Amino acid sequence: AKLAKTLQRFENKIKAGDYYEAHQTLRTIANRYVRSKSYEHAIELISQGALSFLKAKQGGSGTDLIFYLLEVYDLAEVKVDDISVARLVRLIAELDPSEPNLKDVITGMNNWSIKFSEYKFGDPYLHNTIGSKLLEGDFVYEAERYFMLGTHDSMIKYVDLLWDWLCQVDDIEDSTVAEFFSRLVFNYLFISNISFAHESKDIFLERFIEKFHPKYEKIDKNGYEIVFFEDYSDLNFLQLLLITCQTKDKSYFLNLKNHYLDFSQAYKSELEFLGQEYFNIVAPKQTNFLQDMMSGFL
Amino acid sequence: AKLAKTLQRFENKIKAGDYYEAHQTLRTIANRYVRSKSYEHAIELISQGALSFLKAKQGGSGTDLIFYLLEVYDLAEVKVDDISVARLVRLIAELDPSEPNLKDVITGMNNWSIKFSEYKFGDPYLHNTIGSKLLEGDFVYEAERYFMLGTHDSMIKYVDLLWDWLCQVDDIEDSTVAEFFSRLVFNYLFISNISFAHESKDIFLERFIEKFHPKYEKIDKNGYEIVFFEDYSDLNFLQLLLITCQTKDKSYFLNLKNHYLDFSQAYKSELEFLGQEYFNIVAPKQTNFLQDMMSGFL
Amino acid sequence: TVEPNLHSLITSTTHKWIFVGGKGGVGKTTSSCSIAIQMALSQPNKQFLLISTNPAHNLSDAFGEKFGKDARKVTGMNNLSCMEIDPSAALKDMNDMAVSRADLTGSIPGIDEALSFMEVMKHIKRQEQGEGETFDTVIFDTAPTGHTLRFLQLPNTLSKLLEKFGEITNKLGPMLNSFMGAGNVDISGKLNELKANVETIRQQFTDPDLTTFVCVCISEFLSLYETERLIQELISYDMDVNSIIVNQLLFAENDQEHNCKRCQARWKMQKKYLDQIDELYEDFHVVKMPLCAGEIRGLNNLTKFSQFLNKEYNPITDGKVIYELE
Amino acid sequence: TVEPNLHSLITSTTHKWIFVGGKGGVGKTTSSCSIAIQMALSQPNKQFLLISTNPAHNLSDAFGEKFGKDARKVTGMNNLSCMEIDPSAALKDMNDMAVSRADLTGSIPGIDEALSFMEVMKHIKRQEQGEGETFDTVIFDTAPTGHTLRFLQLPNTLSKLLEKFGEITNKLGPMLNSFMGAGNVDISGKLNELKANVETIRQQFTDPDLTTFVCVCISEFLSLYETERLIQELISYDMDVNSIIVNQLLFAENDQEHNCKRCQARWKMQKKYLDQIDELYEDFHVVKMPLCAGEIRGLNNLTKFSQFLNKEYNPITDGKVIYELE
Amino acid sequence: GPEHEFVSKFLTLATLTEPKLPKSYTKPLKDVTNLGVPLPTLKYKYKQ
Amino acid sequence: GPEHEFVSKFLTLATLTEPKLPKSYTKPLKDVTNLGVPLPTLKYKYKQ
Ligand SMILES: Nc1ncnc2c1ncn2[C@@H]1O[C@H](COP(=O)(O)OP(=O)(O)OP(=O)(O)O)[C@@H](O)[C@H]1O
Ligand SMILES: Nc1ncnc2c1ncn2[C@@H]1O[C@H](COP(=O)(O)OP(=O)(O)OP(=O)(O)O)[C@@H](O)[C@H]1O
Ligand SMILES: [Mg+2]
Ligand SMILES: [Mg+2]
Ligand SMILES: [Zn+2]
């Protein structure tokens, strides 16, 4: 078995224009390659064919071949490296925003990155492209959770997306800016990426000061500078919460919580998770329904 | 729609020799007949075709057409009459003892007889032929339960079958004859057909006295005559049980039960059912597992 | 009357579901694609969907374009989408990945019929809501006789099982209340909603003016009698079937040089079984289709072959189509 | 080497199960009957059974004789029985009728696969016991690709479900003992017996010297790629498939007067896909079968057509068989 | 032995008066509801 | 109002000593196990 004429037929079909017969022939050749335990040839063949079909504006064949490539990745035990990640990054780049199963292929690549790497949620370099591609496809809530665990460029794109989302809203009602800034603070405080949280806060507050015209006062002490607003107390609460989480002390957290009682009530889940993560506060365990019935009745 | 050429093709196929194509054509014609709500034509057509296929020593086609005829019987609401029963009796007569699904067709005919008649178990005239056909197919235990609810000829055939079964056994060990006679007495006492029980007892005991040579004494009083054996006390117990069930009195039953303690223990189910049926003895109800657990534990 | 064409079905403005079934390779996929193409050509104001309920899908091979679990428009056709029901196995995040808002049962036999019924439920729900993509008609490229029969009989089984479950729940009401905790989930309400949805599905599936079955077959003993059994089973379910597509006919008498012993003996057998079919189904739309000089694949080829569903194929005049189709 | 015939399978003395599958009317029933007839002719000392697992059975139509849920010998063949698995619905006495010794689940989709697996279990139990009718080999006339794939994948699903149920039972042992009554039924023992039986079935179904799969197909795009997908799925299940039957070949070049324009363009397409098949499966037993002048029905006709499984069909010399077969 | 005397006495007492149910009583099969417990299978095998 | 004084006092107390965790701390993504509770969806909608 050499697959000489089969590969020649695949090339002739892909050049002539009949792309589905070429896709089926490519799947046949890849089946023979994987069967013969030759994973390198299959990997390059499938990747090149998927790229060629995605360049031809054909979502179905290219996406099916990406799924085949991910199956070969899983079966061949391919680790997360620069070349292996770039192989998927090229396919993401050639993918279409209007792909009906864009989320499926994105999830497949992310799952492969999870399984074959030390990261518990995926390779940050892969996440940087995944989030942008999902944003192009109007998956903003799904694309925010990918910029969260990305690189520095992912943080920049997350800040840009949040700023554009805020600018697209005509009204303000002194609640929009707080609701946008809370996501930026909390998402980057959950993973304890406080450097990224501080930089994103600086960028967002500078953009807010530029586009809008509120009353700001730079309270700077010891090296730490916090902007102060009169009407927009939520921004001050979020900045002070970031500072308190930075210093990791219980007394400051208690003072902030019992001062800003209304906002602590509004964000109860976020503050209790932050206390559990940072201040070693033992949050109550999950209230399982069966256990609750057994304890309360049995 | 006239089905002229379809019927002509069915006749030509059945005459030529191709019986399966004829069977399929007949099924087609019967489908068209039943669809047009013409149940008489379908009934005669299916019955005649099934008879023709059974005469040709073809179990599969004839049996399938018998099942089709029973389906048409159920769907057309055909009552149990002389003609309708004879229609199935002819098919049973032409059936083969070695039919792989003889029990299935027998059960279907019996179920139809149950559903469309006042009898709770089937037409006795149908049962007379059903039991004989099942006996030909070596279904003796299944063919005994059909002679039970048959006609007088069914009782005669049941006695003949029991006598032949006893004669076929080389040994006796003074337990064979009792075990054979117990079935004849109990089966015809359960349905309270005491006339048939008495006649079958007379025939069986006369045959036993003829072929064998035991010590018999005719204790005859008031018109009732019972044969008495010295060694074969089981026959005397069964005859006295029949007499006691005939008179329907509790005192005689108690005397017989506490005299023949061993045989009462051996046939405990039969005596307790007979007492419940005849002497208005309230037998204990079924011991349901769930109810037993609920009463004993909950 | 019963003309030998599907013109009444093609230009019908009321049909919502159109099942195409038959016996194993008589042309179910080709004829379903042909019916869908003809309908979408004759009704440019309605959007049509073509679902492949066969667990080994062949819509992509027939159309020369890959289709998936989700509706995808056919290239060159602006009012015809094609979908092939994937056996679930939807990709899910391995870890939490909390976005701001088992598998063994997927391997159980008969899962594809349940998935097809779930797709039907989703489509009827969408039509009731009128949101997202709206498909005015859905054409099914069904599995062979037995499995499409099981698919069509599934609504009755589901309704009976739902009725039994509701009866058991009503019987055990006090017992389940005393046994279960403080759950506020309305089991009866959801059960009744599911029963109503299944009843609506059954009502649409037994309406002669809303659904229909087209039985494709070839004129041969096995295929003819399989079609007869399938039609009997459909009539048992009370589903309107009144069209039959006799496929792969040689027409070796009224053609140019079809004088090859085999391509003539086969036509003799086919004509015998055609006479039998015409005798059996006198009230059906029996559409006679030819055997072309090659496989019927691609949108242009499928359209050229489908042009004979609207108008009856005349082998005397329309004899060059089967040779311009290789 | 790989000769283009099934002679290695036909004269094999070790094979116990032989599945014949493919794509929807390529000749699964005809080729399964042909394989069974050739095996029973070449091995007169062994009794062979031919089960039809297709829910719409066609064994009776092919053999011209009605077969049922129970094994029935083929007329004229003393060592070949045929069985068509009826979907249960066994007739039962309406009333008690105490001889001296639900239905809704029968309508659930996928019931026929479960019934076929139960028949396989019964046959392996009988072979272990060696009582009643003993069938040394069983040939399956399977359903089309998807449903036969589900049938063959059923043992793995059943084994996984049995393992999960056993794990749950072991976990709840004390709890089920405290909850249930004084039942002495050995749930663990029966579960282990069922697991052992299913494991034996799987071991026999993944043994290259005990079971095999024969993939019948016609040389066309849809059929060829459906066969490719089916072979890939079988290899995934680790089931030995090494025979392919390319069916309904015109052979319009090396014949007498096969100059019919169509019967020649179709042969050009068939030869192209034959070259593709020979390129793909170089290590398979690719048996090329002709298209006869009529349907292959009846024991004599099936035997005459099957004679080409033992010896490769030579269209130059064996050209009169397809015309003596109408 | 004594069993003969017991049988004779039992027969005389039973046949002192005409039994409530006639000697040739035949309950119609239409009114039969229960067939009773199944009889035990014999340790032989009819083979003719 | 008093909120300015509270903010100033809180900042002075927090920045009295260098915090235990550095200003530019970045926990590696390899060691992150939980992402926390999901944030609530916004009442608006991206268009772009
Ligand atoms: N009228 C015709 N003339 C020529 N070739 C045809 C014709 N109809 C169908 N074919 C071809 O025959 C082959 C089998 O037909 P098709 O794929 O439609 O079968 P099917 O009914 O979908 O089968 P399955 O039951 O396996 O799903 C295909 O290659 C198809 O292109
Ligand atoms: N080589 C052949 N030459 C001529 N006719 C053939 C040939 N093989 C099969 N046939 C005929 O073609 C028809 C379809 O074949 P067959 O019944 O074997 O299909 P199948 O694979 O069992 O289909 P299904 O998937 O529906 O079960 C039958 O009438 C059969 O007799
Ligand atoms: Mg199809
Ligand atoms: Mg078949
Ligand atoms: Zn020809």
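Residues numbered from 1 in each chain as written, not as in the entry; some residues may be left out. Chains lettered and ligands numbered in written order. Heavy atoms only, no water.

- Structure determination for this entry, per the PDB record, employed cryo-EM and reached 3.19 Å resolution.

1. Side note on the interface of chain C and chain A
Frequently, the measure chosen for interface size is the accessible area that the parts lose on association.
Turning to step 1, where the next piece is worked out: With 22 residues of chain C in contact, the opposing surface of chain A contributes 27 residues.
Turning to step 2, where the next piece is worked out: For the pair chain C and chain A, the summed buried surface comes to about 2000 Å²; carbon and sulfur atoms form 61% of the total.
Turning to step 3, where the next piece is worked out: Where chain C touches chain A, the interface holds 1 salt bridge.
Turning to step 4, where the next piece is worked out: The tally of links from chain C across to chain A stands at 6 residue pairs in polar contact.
Turning to step 5, where the next piece is worked out: Its residues assigned to classes, the side of chain C that touches chain A shows 7 nonpolar, 6 polar and 9 charged. (Contact = heavy atoms within 4.5 Å. Buried area = accessible area lost by both parts, 1.4 Å probe. Salt bridge = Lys/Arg side-chain N within 4 Å of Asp/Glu carboxyl O. Polar contact = N/O pair within 3.5 Å; in protein donor to acceptor, adjacent residues only side chain to side chain. Nonpolar A, V, L, I, M, F, W, Y, C, P; charged D, E, K, R; others polar.)

2. Details of the site of ligand 1
Turning to step 1, where the next piece is worked out: Taken together, 22 residues surround ligand 1, and among them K28(C), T29(C), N247(C), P290(C) and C292(C) come closest.
Turning to step 2, where the next piece is worked out: At the site occupied by ligand 1, the surrounding residues belong to chains C and D.
Turning to step 3, where the next piece is worked out: At 3.3 Å from an oxygen atom of ligand 1 is found a side-chain nitrogen or oxygen belonging to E220(D).
Turning to step 4, where the next piece is worked out: Per-element tally for the shell around ligand 1: the top contributor is helix 2 (residues 28-42) of chain C, with 3 residues. (Near = heavy atom within 4 Å. Helix = DSSP H or I, 4+ residues; strand = E, 2+ residues; numbered from the N terminus.)

3. Digging into the packing of helix 2 (residues 19-35) of chain B against helix 3 (residues 39-55) of chain B
Residues and elements named next belong to chain B.
Turning to step 1, where the next piece is worked out: Viewed as axis vectors pointing N to C, helix 2 and helix 3 meet at an angle of 165°, and their least axial separation amounts to 9 Å. Here helix 3 runs roughly antiparallel to helix 2, going by the angle between their axes. Considering only the axes of helix 2 and helix 3, their crossing is left-handed. Seen from helix 2, the contacting residues are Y19, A22, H23, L26, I29, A30, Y33 and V34; seen from helix 3, they are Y39, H41, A42, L45, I46, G49 and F53. (Axes fitted to C-alpha atoms, helices over the stretch in contact; angles between N-to-C directions. Parallel < 35°, antiparallel > 145°, perpendicular 65-115°, else oblique. Left-handed = near helix turned anticlockwise from the far one by under 90°.)

4. Side note on a nonpolar patch on the surface
All names here are of chain A.
Turning to step 1, where the next piece is worked out: Where nonpolar side chains cluster on the molecular surface, the patch consists of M294, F297 and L298 and spans about 470 Å² of accessible area.
Turning to step 2, where the next piece is worked out: Summarising the element assignment, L298 is placed in the segment after helix 16 (289-296).
Turning to step 3, where the next piece is worked out: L298 gets classed as exposed once you look at its relative accessible area, which sits at 82%. (Patch = residues over 30% accessible without salt bridge, like charges linked within 9 Å, V, L, I, M, F, W, Y side chains within 5 Å. Areas by Shrake-Rupley, 256 points an atom, 1.4 Å probe, with all protein chains shown as cover. Buried < 20%, exposed > 50% of the residue type's maximum accessible area, 1.4 Å probe, protein only.)

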